[PDB]
Amino acid sequence: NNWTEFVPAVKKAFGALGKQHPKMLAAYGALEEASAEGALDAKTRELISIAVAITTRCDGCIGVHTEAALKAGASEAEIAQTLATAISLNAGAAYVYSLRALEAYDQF
Amino acid sequence: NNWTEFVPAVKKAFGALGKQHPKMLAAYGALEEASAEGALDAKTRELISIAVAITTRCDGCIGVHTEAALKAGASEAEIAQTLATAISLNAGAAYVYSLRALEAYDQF
Amino acid sequence: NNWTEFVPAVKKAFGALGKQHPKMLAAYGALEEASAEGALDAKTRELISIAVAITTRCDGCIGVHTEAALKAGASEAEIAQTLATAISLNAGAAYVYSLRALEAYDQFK
Amino acid sequence: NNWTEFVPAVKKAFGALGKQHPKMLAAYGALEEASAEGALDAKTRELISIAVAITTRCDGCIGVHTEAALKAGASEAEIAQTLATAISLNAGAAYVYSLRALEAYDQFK
Amino acid sequence: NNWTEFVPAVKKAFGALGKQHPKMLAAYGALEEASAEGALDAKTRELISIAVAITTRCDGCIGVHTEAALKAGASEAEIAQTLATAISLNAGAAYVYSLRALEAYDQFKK
Amino acid sequence: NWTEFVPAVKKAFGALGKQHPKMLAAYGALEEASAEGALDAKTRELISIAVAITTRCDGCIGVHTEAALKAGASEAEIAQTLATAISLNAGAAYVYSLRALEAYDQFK
């Protein structure tokens with residue numbers, strides 16, 4: 001459809017990248033191996049990925065790790081709660097720098 | 001203090017670039033010239049400048065345009081409301097891309 | 001394109017989020033309430049909103065608050081000058097960290 | 001340098017915000033309420049919080065939720081593996097947009 | 001993006017801005033003026049421009065400046081290696097702030 | 001940046017490879033793929049600084065500004081790289097501002 005058609009195309013672009021520049025795809029594979037090492041469970045790692053995917057505003061990253069979260073057995077409330085946490089942290093960053101603006105106003 | 005001393009150091013740094021690379025300082029001066037052309041008052045522009053500064057996480061921009069907003073007659077309630085609006089728009093972005101993840105999960 | 005149909009689609013997506021997860025939509029309602037608290041008129045609130053939206057590069061946020069600023073009485077010149085102000089700040093941030101890099105090129109050597 | 005002094009200072013600034021502007025701190029609490037709803041333990045939520053905090057590069061968000069992760073029982077390897085997952089996704093966004101640049105160069109634009 | 005049609009659409013919109021608000025387009029020209037001044041050739045400048053465009057995630061910026069890299073004589077290997085360097089620095093920024101998180105956890109640990 | 005800040009950053013990277021070696025090996029793979037090709041060390045470090053300005057990473061700035069110096073980068077090459085990165089940073093805001101004015105015209 002929209003995401004069910006986008007994700008295979010994104011995975012294909014990564015495959016064409018490895019056939020042309022294998023050291024670049026091997027660099028990402030090294031990043032995924034470092035992430036996979038440790039007792040974290042695949043679903044929790046994918047949920048961590050979705051929270052970062054929506055923060056970086058990467059549509060290809062969203063669909064890849066959302067489909068991987070479902071394959072890992074993540075329910076709908078687990079994802080919505082993960083997104084709600086990422087929204088709170090994205091808003092928390094603006095709260096911190098807004099706090100710096102208020103502190104500057106009182107100081108001048 | 002901090003902000004009352006950090007802001008002069010920032011403006012002193014921008015003055016240094018004008019001596020070493022005047023073309024780059026003039027380019028910024030061209031950006032503020034276009035930003036000042038219109039019927040929007042100084043307080044309105046400086047409030048907009050603060051909301052973008054906390055979004056860009058630019059501490060120098062925060063202090064420079066917070067002091068400038070005070071010089072334009074901005075009250076503390078106006079800056080806090082400006083920051084509240086900027087905080088809201090930063091979270092709505094995480095909301096928008098969170099909805100994309102939910103639609104992605106619903107389609108797989 | 002098609003901002004006239006994109007904006008109602010974004011609002012509908014927010015509506016389905018509330019009927020499936022009400023505490024997330026209520027949180028955005030609490031954020032929108034604190035943004036309305038104050039003496040800044042609706043036009044200045046939406047102009048500020050558009051400036052953050054183009055800095056964020058959120059398309060749904062841009063169209064929602066551009067239509068709202070229009071209904072609040074914002075002329076095209078007020079919209080353009082708001083973008084010119086947001087673009088200027090979207091360069092001073094790079095200027096500030098460029099000044100750090102030029103200092104970084106000093107000290108060394 | 002001193003996160004044990006930075007984090008309490010950030011917490012004090014948030015508390016002073018609610019005394020001068022309560023609706024702003026209330027909207028923050030509403031975001032925390034929706035975050036703590038859905039049977040995801042605090043350890044998993046704080047680990048997710050760190051992964052987003054380093055993506056936003058907010059030092060206040062990092063130290064606040066790193067301490068909260070320790071209080072929830074997060075091990076050092078649990079955070080390191082979380083950061084390793086967050087780093088992989090930060091590069092993943094760069095890979096996806098670099099693929100757009102290569103597809104652009106092929107079409108000769 | 002990638003399309004040979006989207007890039008002329010971006011350039012046309014920039015010209016429309018200069019017709020309605022010339023002081024805004026002139027400000028961008030002032031920025032491009034300072035970018036063109038210097039010892040770097042056009043290829044290296046457009047390669048640097050591509051690296052920022054994928055970091056700033058601006059599709060039109062990836063557009064305008066990847067074509068200018070082609071016209072400047074940049075090969076596919078020069079485009080790709082620039083992107084591999086840009087990708088490395090993007091992950092590097094996450095590595096740096098991840099170190100702060102590991103340092104903060106060590107100071108709170110008991 | 002400083003002559004003492006960069007050694008502290010590289011010391012933390014080395015320590016990370018001692019407690020979590022797969023994470024440091026992943027960054028090395030990203031550096032090996034970046035070094036592979038005809039682009040000289042100067043252009044790569046200049047590209048690295050321009051990204052280290054778009055991203056607001058100070059450690060990346062000082063590390064790669066020093067590496068650019070050892071690679072033989074001149075002051076004119078450093079400033080022009082920044083002016084190029086500043087132009088692109090403003091260029092991104094110009095594009096999404098064009099969609100904002102395009103949306104405003106559609107709602108009338």
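Residue numbers start from 1 in every chain, and the chains themselves are labelled A, B, ... in the order their sequence lines are given, proteins ahead of strands. Note: hydrogens, waters and symmetry copies are ignored here, and every other heavy atom, side chains too, is used.
- In this structure, chain E has a heavy atom under 4.5 Å from the side chain of D:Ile62, while its backbone stays farther away.
- When E:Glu103, E:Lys109, E:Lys110, E:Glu5 are compared by the number of non-hydrogen pairs under 4.5 Å with chain D, E:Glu103 comes out ahead.
- Taking the side chain as every heavy atom from C-beta outward, D:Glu46 and D:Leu70 never approach each other to under 4.5 Å.
- Inter-residue side-chain proximity for E:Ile48 and E:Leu40 is flagged as met; some heavy-atom pair is nearer than 4.5 Å.
- Contact of D:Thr4 with chain E is made through backbone and side chain together, with heavy-atom distances under 4.5 Å.
- Contact of D:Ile87 with chain E is made through backbone and side chain together, with heavy-atom distances under 4.5 Å.
- Counting heavy-atom pairs under 4.5 Å between each of D:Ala86, D:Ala74, D:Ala84, D:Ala51 and chain E puts D:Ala74 at the top.
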Residues E:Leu25, E:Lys19; criterion side-chain contact (heavy atoms from CB on, under 4.5 Å); working and verdict: CA-CA 9 Å; E:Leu25 178 68; E:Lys19 300 172 208 152; over 6 Å; no
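- Contacts with chain D were tallied for E:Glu67, E:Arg57, E:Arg100; E:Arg57 has the most, counting heavy-atom pairs under 4.5 Å.
- Looking at E:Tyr28 and E:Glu32, their side chains come closer than 4.5 Å, going by heavy atoms from C-beta outward.
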Steps toward side-chain contact (heavy atoms from CB on, under 4.5 Å) verdict (D:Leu102, E:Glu76): CA-CA 8 Å; D:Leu102 293 171; E:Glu76 190 270 336; 3.9 Å; yes
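- Your options are D:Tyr95, D:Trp3, D:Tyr97, and the one with the most heavy-atom pairs under 4.5 Å with chain E is D:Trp3.
- Side-chain contact between D:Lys109 and E:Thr66: present, with at least one pair of heavy atoms (C-beta onward) separated by less than 4.5 Å.
- A heavy-atom distance below 4.5 Å is found between the side chains of E:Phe108 and D:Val7.
- When D:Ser88, D:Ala93, D:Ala53, D:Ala91 are compared by the number of non-hydrogen pairs under 4.5 Å with chain E, D:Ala93 comes out ahead.
- Within the 4.5 angstrom heavy-atom criterion, no atom of D:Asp106 approaches chain E.
- Residue E:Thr55 does not touch chain D at all, counting heavy-atom pairs closer than 4.5 Å.
- The CD1 atom of D:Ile50 sits 10.0 Å away from atom CD1 of D:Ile54, with the distance rounded to the nearest 0.5 Å.
- For D:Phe6, no part sits under 4.5 Å from any heavy atom of chain E, backbone or side chain.
- Listed options E:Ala69, E:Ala80, E:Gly92, E:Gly63 were ranked by heavy-atom pairs under 4.5 angstrom with chain D; first place goes to E:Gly63.
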